[PDB]
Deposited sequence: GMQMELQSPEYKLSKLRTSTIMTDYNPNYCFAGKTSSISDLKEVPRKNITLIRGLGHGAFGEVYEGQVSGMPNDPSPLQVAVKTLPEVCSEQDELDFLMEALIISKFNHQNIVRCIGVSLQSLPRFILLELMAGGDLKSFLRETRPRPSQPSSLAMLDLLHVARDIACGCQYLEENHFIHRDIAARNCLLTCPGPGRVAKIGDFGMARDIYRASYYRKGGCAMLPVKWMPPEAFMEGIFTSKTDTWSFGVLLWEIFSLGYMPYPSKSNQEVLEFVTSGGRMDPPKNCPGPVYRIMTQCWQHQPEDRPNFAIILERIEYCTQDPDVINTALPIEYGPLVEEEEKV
């Protein structure tokens, strides 16, 4: 790409600088698309390795090209089991591809909605399944925090699962907001943002702690939209004024208490991710938490 070549942006993560020349270019003849899944995401294979393929439309702006490169650089430099892997890229053929770990369980929000206990599947999910998802994402967030990377958009829609069934691992699977900020409103994820985002606009890992609290609410509600029946501005005014969400239906007290600590008004009063993990791990050990039945959706 001449835009990518002429600009040739550097990307810094964890004290190391990378650029387009550092990306692992997979020959296009080795890549086959199998089906569309979800911009466009396809299932593909690399000669074989099963992958997810993100594509860049051939009709795109110069900014879109640079965005796509920065997304590749960002994902390629992460090294953690709870962040989706990047197999490589194919940027020297059109349309351009980024090749990612296939996450056959799909996105977490959709999974929660589709796998809710119902009279026909009364035991589809248990509390422990939800705590394992929470732990998995908290582990990824702790890696980001330890590497001074602020995600800015932790939400169930941005988490992915390795498979639908038992043994699934949840991973962070989108970095678009971080990418936009690295390169730099009705599209802001207001419902995931702490009060101070709207005051001084200052982001820290404590902003990700707040968002993680909202993710935990999403998990234990089985995929409900946060602040049901409030608009973005209503939520902004609500949370600023000290308003917080009620516990999800049947949510154990100890889990709800993790949410409420994540939502402390003062950032310094919120737990870091090592503390969040410890609390999630204690909940997972407590028989009265894990023996709590999830509500049936009639």
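In this entry, the deposited residues absent from the coordinate set span 1 to 18, 57 to 60, 70 to 76, 214 to 220, 335 to 344.
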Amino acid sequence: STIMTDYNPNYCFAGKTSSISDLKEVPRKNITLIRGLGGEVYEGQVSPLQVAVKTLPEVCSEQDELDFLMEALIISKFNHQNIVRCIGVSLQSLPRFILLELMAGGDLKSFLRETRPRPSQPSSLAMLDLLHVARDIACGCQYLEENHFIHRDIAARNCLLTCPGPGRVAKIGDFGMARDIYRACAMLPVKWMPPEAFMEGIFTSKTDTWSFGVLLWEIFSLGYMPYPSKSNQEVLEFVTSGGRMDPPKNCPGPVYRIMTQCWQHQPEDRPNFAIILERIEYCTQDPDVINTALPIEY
From here on, numbers count along this sequence of modelled residues.
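Take the two forms, superpose them, and find the largest set of C-alpha atoms that agree within 1.5 Å; that set is the rigid core.
Taking the rigid core as the alignment reference, the C-alpha atoms of 196 to 204 lie farther on average from the displayed form in 5 other deposited structures of this protein than those of the other stretch among 98 to 106 and 196 to 204. After superposing on the rigid core, the larger RMS C-alpha deviation in 5 other deposited structures of this protein belongs to 66 to 74, the other candidate being whichever of 260 to 268 and 66 to 74 remains. For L161, the record comparison shows coordinates present in all the other entries of this protein that model its neighbours, with no third of them leaving it out. Coverage remark for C86: present in the model in all other entries compared whose chains are built on both sides, leaving no third without it.
A summary of the deposited B-factors shows that, of 228 to 236 and 254 to 262, the stretch with the larger mean C-alpha value is 228 to 236. Comparing 113 to 121 with 77 to 85, the stretch with the higher mean C-alpha B-factor in the PDB entry is 113 to 121.
Which of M193, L99, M199, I219 has the largest Cα B-factor in the deposited entry comes down to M199. In the deposited coordinates, the residue among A155, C141, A184, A104 with the greatest CA B-factor is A184.
Compared with the other modelled residues of the chain, the Cα B-factor recorded for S93 ranks in the highest third.
Ranked by C-alpha B-factor against the other modelled residues of its chain, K54 falls in the lowest third. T207: CA B factor in the middle third of modelled residues in this chain (values from the PDB entry). Among the modelled residues of the chain, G223 sits in the middle third by CA temperature factor in this PDB entry. Annotation for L188: CA B-factor lies in the highest third of the chain's modelled residues.
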